[PDB]
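Two versions of one and the same chain are coming, encoded as structure tokens; call them structure 1 and structure 2.
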Structure 1
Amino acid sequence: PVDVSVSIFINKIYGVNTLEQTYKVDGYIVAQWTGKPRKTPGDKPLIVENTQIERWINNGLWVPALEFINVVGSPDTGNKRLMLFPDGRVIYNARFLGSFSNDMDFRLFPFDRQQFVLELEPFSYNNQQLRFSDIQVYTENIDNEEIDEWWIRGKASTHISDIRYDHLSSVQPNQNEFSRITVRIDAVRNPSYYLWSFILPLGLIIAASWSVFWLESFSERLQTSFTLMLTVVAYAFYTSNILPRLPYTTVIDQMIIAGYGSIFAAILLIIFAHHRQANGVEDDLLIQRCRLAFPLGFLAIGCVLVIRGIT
């Protein structure tokens, strides 16, 4: 069992695709193992660069294929290098840009924290255990930069497992177990653009929508309700266009549905207050109580949705 020692350098993580759950990683792979004691010119390490590798493998060199289990498609391998020492050591270095995939949950959209995962595994060998994994990730930013979309929390976390494929069953003296190197980087979204542009103005719009009860006659109250509802649909479109596509309702979309509910409740209460014989036009005490209780009730249901969302 040849022991392969891996080291992954991460240069940048970007381009998260919310609907396809795929991000993009760019960096380096350095896999080092020990072979036979070859002889090299000058008794110095020999360097084989990009296209001259493929004429070294044809001669009989052993370069395994380390594939990314979770990549989508095929990584855009740029320059690759292969340095052969005299005592046997071989160091295969390559630069990759891949569009990886994971299982990400965007339900708390503006405040969510994700976990970017790379999984590495030899393509075709099972007695080639990957011996020791290291990540240098110090090139993301200075530290959780305030102009960055994703603040990365702490260093990357590595792991080496023995994945068992129970469908192969070739001879099965433990002949279907592949070593696997999993790395996870914890990231947190930057909730600043989505808090000062999409949540504050919507809070202002809803709180102003409660002012319709402050008017005087029934006709103008019910008239300006329709304008308010038009405002809300315009805002709902504004938000929908900018925000990423998703198959489920985020935190922001629930605020918009709450706005729709608030305006519909305003129309219902306006109509009811107009058509009760006790308070048709006389002694309209219902409207004052409504001004007292409508904001409190909406804030109660807002706290309910917050507590059911954070859970």
Structure 2
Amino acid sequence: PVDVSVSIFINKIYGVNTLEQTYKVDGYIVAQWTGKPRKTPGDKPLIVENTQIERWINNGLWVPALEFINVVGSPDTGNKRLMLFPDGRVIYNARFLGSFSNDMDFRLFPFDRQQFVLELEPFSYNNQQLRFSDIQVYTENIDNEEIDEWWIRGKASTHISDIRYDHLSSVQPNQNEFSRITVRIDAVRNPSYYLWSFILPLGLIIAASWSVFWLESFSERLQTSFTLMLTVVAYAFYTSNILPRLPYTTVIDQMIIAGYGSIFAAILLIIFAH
């Protein structure tokens, strides 16, 4: 089994779409392994850039195809480098960009602590043919940065495991477990914008809804309550465009439901009084 040393450098993390539950990671991947010795022209190592790499693969060079498990669509791979050394070591450099997905729960939606997970795996070579030696993840550009509305905390966790694929067991009986690399980056959402845009004005709405019981009337009090109902509907307008359609309720959703319940409680209270 060929031992492959991966070095994932995260250039930037952007495009975090909470509705689609996806994010875009740009960076470079450096895979290194030792193969058969070769006689390159000159004692210096020879560098193969994009396209010229194929001629070498048609000649018979072994280059693994390292795919991303949790990618959405084909990754937008840019330039590729294949640096071949006389001794035998091969260094494969490539720039990747793709949309990655995660579970991404939203129980505490303004105060999310989500993990950006990159899963890397060979497409066709199992651990009896290709083993991952180690990975160092260099998240130096975004180690402590306020990317989008997200705070990156700490370093990036690295993990190497074996994944058994039961769909490949019928075609490959004894050898179907694949070496997988998991790269986890813990991210904390910045809650400031939601704090001054949603929670505080809806709190003012709740206070104004409490303030309707100071009238010595019944009809214009009803019109006031339905004006507040229209205002709460207005606040529920641009609520579903910031978080996905979740079966559970979040803080903004419970505040909207509390506003609806407060208005309807005022309605039933004045109807019971009448």
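Quick note, the numbers are simply positions in structure 1, starting from 1. The term rigid core refers to the maximal set of C-alpha atoms that superpose within 1.5 Å between the two forms.
Once the core is superposed between the two structures, every option in 136, 79, 161, 157 stays below 2 Å in C-alpha shift except 136. Relative to the superposed core, residue 244 undergoes a Cα shift of 2 Å or more between the two structures.
Annotation for residue 117: C-alpha shift under 2 angstroms between the two structures, rigid core superposed. Residue displacement note: residue 178 has its CA displaced by under 2 Å between the two structures (rigid core superposed).
Superposed on the core, the two forms differ at residue 104, whose C-alpha moves 1.0 Å between the two structures. Once the two forms are overlaid on the core, residue 216 shows a Cα shift of 2.1 Å between the two structures.
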